[PDB]
Ligand SMILES: *[C@@H]1O[C@H](CO)[C@@H](O[C@@H]2O[C@H](CO)[C@@H](O[C@H]3O[C@H](CO)[C@@H](O)[C@H](O)[C@@H]3O)[C@H](O)[C@H]2NC(C)=O)[C@H](O)[C@H]1NC(C)=O
Ligand SMILES: *[C@@H]1O[C@H](CO)[C@@H](O[C@@H]2O[C@H](CO)[C@@H](O)[C@H](O)[C@H]2NC(C)=O)[C@H](O)[C@H]1NC(C)=O
Ligand SMILES: *[C@@H]1O[C@H](CO)[C@@H](O[C@@H]2O[C@H](CO)[C@@H](O)[C@H](O)[C@H]2NC(C)=O)[C@H](O)[C@H]1NC(C)=O
Ligand SMILES: *[C@@H]1O[C@H](CO)[C@@H](O)[C@H](O)[C@H]1NC(C)=O
Ligand SMILES: *[C@@H]1O[C@H](CO)[C@@H](O)[C@H](O)[C@H]1NC(C)=O
Ligand SMILES: [Mg+2]
């Protein structure tokens, strides 16, 4: 015959619940979410207030800093210490020009002294901070070569005529050599030289030491590899021609696997503010005191009104200091509570009967 | 026959050519920002799916096309969607040009870019890169999703078991798998009577033999007359049917006691005259006995039925006739004890009272639609004579009488019996004999032979000989056959009238018997006015002189008196907008000539349509197929409304094809009304279960499913637009390409498809118990364009949230990790945004589902988990270039989960708060019914409960 198969699925009689939301059921959920979100928001905000930070913008060093120590203008630094809400103690800086270098646009050394009145746990991060550097534009972000990154000796056609991800504008030099790190991304790397330690001004016997081994995810060493090129087929990018004035000979080819500032740079920041770890310390607390940082100015930003700076923190579990998560958890819990109160008011004032057939749209009229 | 036609029919849309342009722009005119080899996966997969599904469609069609109203609204929705996408791309291009205008930036230094004079050129390139950027804002899976949903709904309509009629072995086979939702907005039903509402098997009920009217029965037209008068038809009928059942039992007992019949079967006996079964023996004597036996002999001989052995038992016969009334007559004459068996070379064989006897049929003047009669000359051996027996209409016979050989004493009482039968609602016949002596028969036979020897349209000479010979007749009496309603037709009609559906019954029967059968069917009930447009003499002589103006006057009066408006174009335009069930309980009754003269002229058509806009019930009497098609098209074309037309036969096929939904009533033989239809049900009863349950379901399912889609994709798409603000609308992607393809392929598709397939606001039992829930589908509240606009506004707001919450967690110092390492690549903010958007969309779909069944819940959970698992699986593979460990670095950050949970809360709080405010202080009828269901008001009804089944137990209230 043709009798349709009696089956809980084909007859649309699946096992199910039919949730009708009566105030006795919804209002408890509103109150529950309000309570838990207010608690979590207060916890996040309280745990976040304990986060102290130091931000210093040193892009104005080559012109504002002098040869003798001087206070940093109030526009360039931001201190946030939670034990001392009223601690200005402005930092100082001093410029040490370098007439030997013929790159008059950015050269010398900026020396910054800052006074931290409290410690910095034991895991201290020193990032740099670029502002108004557009690293998210269509052609820029696609301008590298995942064949060179992975270490292949890709020829000019694999490097130039590959698909969407290809270093087109900086594929080749005049002499006929492929740029080893090719593309606008690897070529425009950040160039300031950061110190391997924070000089202690008071007691110069205990210097706070920093490192550059551990500033990038370890897993990234599975994607970057030591090249297999031959030092005769490759030449530095057009902007690395002060670091390699003679080109790549048998020793100076940069191993990009153990070079984590490169690996941090090859991850183009999504937005206009860029914050990349450059120094770390995982062992010692940073005791209160007056410390000195010597940065070697190499990277020009005043051409496009950009900014460069240092950002020193211990951080948190939610990252740096950002009151957004706690603020928004509090607002969410309080909006849930307010709406529960409004619904309960309108219910205890003008609440209809629940299962009243007399209210149906046809039984009414 | 598959590849060319299918690929062309697929690319004949706008979304498909748009995506093909995108493929060609990514591959042939590649600017440098695309993964082309894989960006062609959505197009090719949807093309292959549509090709397979349409191959199955054409295969089902092999072993005209209609489109629902939802489809045209869907076209308008897609147009508005494209308008939004164009506005987005326009703003992207304009802002990128205004940006490239600036003369000092990071690019002149580090990007090796120059000032391309007349920055409009880079603006143009940016417009055409944003056209490809905002892919997901093109609704491309929308049409294949709607097709999958409609096919699944039609498969459910097919495989439903409460629609399969076991007697016919015929489930409700759909012939159009894309109008399920049109089934849910039916506002008018046009139904032929004779074959649809009444089982087209005529049963012999009464007969007036020699002025003695034998027969007792309770007909539905008699019950309707009693109901309209006011007598308690329930008790009246209970008493009458009990009495007649006892009488039938005793009648069969007396019949068995009379004589031994070999071809007697009590199950198909329908003559219920105890008076006849008692008078056949001795009650009136010998003359009435002879009259009855002659009536039976003539009834069992004058026919054209061909008999064959019953497949169950070869001794039983099947009585295969062409017309049902002749079959009924021969069957009742056999069951009374005058059986007819076999058909030899000369005449036929009658078993009378148990003995065989043969006859000699000479000339069968067969039945013709223009002759309205069937005559036959048999040879009676004994010195054989001729017997010319003719069966026809009452007026047909009364026109051909003899000037002397009429009793005029039996004639008056037989005419009274015939009029009483016509009033009680039966089809009457008339039977007349002629005895021909040997000499006169020889003369007439030679004349008939020499007349039939004339070829070249022998029909004319044949009819003139018939006129000359059949002018003198001796009538014996009349018969009466009955057409019973189908099981559950009154219940189905009251259900469809409670639902708010206006019902039209197109009859071929007289006006008064049609009104009686309507009162019996509950089409008309008491406390319901009957606006009659009969063109009888009483109204003719009072209104006018000629028809076609009496009907106009009557329409004007029945308008101006029982409402306050007149027939006008502005009133038509006004009533076009309202769909409310009418109040006042009025009904129309109209004759064939009145319907013709109301369809003739334009102003009269306008008046008739405005009068039938109200008046939930309309009866039309003695109509033609052309008139059926005309009334259906008048109600549909003007007064744009959704119409169903249910029928059988070969005129209701023209009635069916000219209607939004066409339902064919399947007979034991596949018919034209079944074939050239949209659905095909066994009995009219099933129409209730279909139209309500599935209709409504489908309609709601699609309604709520379509804006859902138009919202879900929007979220994702618009997030890219927002990242445009922070990358200067330059065209870099915030999402990975696998994200951008799978958000529509796998991440958010099954939730909305299962919402459209499996959702149920209330189960079928409540759907059939509270039929008024249909009224919303009649009023077109569940699917407007305002609903789609509100869903798109909600999608815009939720996209704002899903982007700017991760952005705001970054914006302060771009450090969101616990170990100070970097997550600032834009693919990682894209993972943030994508996870928030997917979970928000799926929880939105879940909150807007009415019934949380385990299939839908499992697949919503699986869509969310598959987002997480795809991130985890694509990262852990080195083939993801800049996306290497997005999983292990993002899903391990408490910042991620903090933003995730609070952003899902902020996306779902406005809509859930509004839904709560609604369900509390302005609840709809389905919410009130779901509360009454939770409190347990519908616990006594069994799970599968059809209130239109006679073999069902009644409930408390
Ligand atoms: C550190 O990175 C700096 C950022 O790119 C880089 O600056 C670039 O230096 C090159 C030369 O080394 C300049 O190239 C052009 O300089 C002038 C001006 O056009 C021309 O006369 C030269 O022939 C050459 O074409 C780049 O203009 C300059 N980039 C910017 C944005 O100013 C430093 O060189 C790097 N220094 C070290 C020590 O690594
Ligand atoms: C801490 O750092 C300071 C950085 O200057 C070191 O001081 C220098 O020590 C070298 C010895 O090789 C001298 O030649 C320099 O003149 C010193 N510079 C200054 C500014 O004093 C100091 O040695 C470090 N502390 C320890 C314990 O090594
Ligand atoms: C923290 O202590 C660890 C372990 O003592 C230091 O890691 C070693 O550093 C030395 C140089 O100082 C290297 O030669 C070793 O290869 C490192 N080993 C490992 C396993 O990392 C780390 O340098 C110390 N950090 C600071 C800021 O001094
Ligand atoms: C530091 O820069 C500000 C801003 O240009 C300027 O007003 C001020 O004089 C500068 N100070 C020195 C010492 O150059
Ligand atoms: C390799 O190149 C570097 C470039 O700075 C140079 O200092 C070094 O002496 C070179 N080595 C040899 C062996 O030439
Ligand atoms: Mg019919």
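Residue numbers in this text run from 1 along the chain shown.
Per the header of the entry, the method used was electron microscopy, 3.1 Å.
Here the Cβ of each residue, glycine as well, is placed from N, Cα and C on the backbone.
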Membrane side match, residue B:32 / residue B:882, Swiss-Prot record:
yes
Swiss-Prot annotation of region 'Involved in phosphatidylcholine substrate selection' - which of the ranges B:14-21, B:22-29, B:30-37 it falls on:
B:30-37
Which range of B:101-105, B:106-110, B:111-115, B:116-120 is region 'Involved in phosphatidylcholine substrate selection', per Swiss-Prot:
B:111-115
Please check the gap where 2 residues are unmodelled: Cα of residue B:404 to Cα of residue B:405, in angstrom.
4
Name the one residue among B:194, B:648, B:652 whose Cα is closest in three-dimensional space to that of residue B:326 (ATP binding site); these are the binding-site residues.
B:194
Take the transmembrane segment (B:894-914) and find every residue of the same chain, 6 or more past its ends, with a Cβ under 8 Å from one of its Cβ atoms.
794, 797-798, 801-802, 805-806, 809, 816-818, 832, 835-836, 839-840, 843-844, 847
For the recorded Mg(2+) site, whose residues are B:192, B:194, B:648, B:652, find every other residue on that chain with a C-beta no more than 8 angstroms from the centre of their C-beta atoms, and list them by sequence position.
B:191, B:193, B:195, B:196, B:647, B:649, B:651, B:665, B:673
Distance in angstrom, CA of residue B:63 to CA of residue B:64, with 271 unmodelled residues intervening:
17
Tally of DSSP helical, extended and coil residues in the region 'Involved in phosphatidylcholine substrate selection' (B:30-37):
2 helix, 0 strand, 6 coil
Would you mind sorting out which binding-site residues among B:192, B:194, B:372, B:648 put a C-beta under 6 angstroms from ligand 6?
B:192, B:194, B:648
Quick check for me: are there 3+ Cβ pairs below 8 Å between the transmembrane segment (B:853-873) and the transmembrane segment (B:738-758), leaving out pairs under 6 residues apart?
yes
What are the helix, strand and coil residue counts for the topological domain 'Extracellular' (B:810-825) according to DSSP?
1 helix, 1 strand, 14 coil
Hey, which bits of the same chain come close to the transmembrane segment (B:707-727), Cβ under 8 Å, at least six residues off its ends?
77, 81, 85, 88, 92, 95, 130, 133-137, 139, 142, 145, 733-735, 740, 743-744, 748, 752, 755, 787-788, 790-792, 794-796, 798-800, 802-804, 807, 826, 829, 833-834, 837, 840-841, 844-845, 848
Which has the fewest other Cβ atoms within 10 Å: B:372, B:911, the binding-site residues listed?
B:372
Look over the recorded stretches B:79-99, B:120-140, B:789-809, B:826-846 and say which has the most C-beta pairs under 8 A to the transmembrane segment (B:738-758).
B:826-846
About how far apart, in whole Å, are the alpha carbons (Cα) of residue B:192 (Mg(2+) binding site) and residue B:372 (ATP binding site)?
23
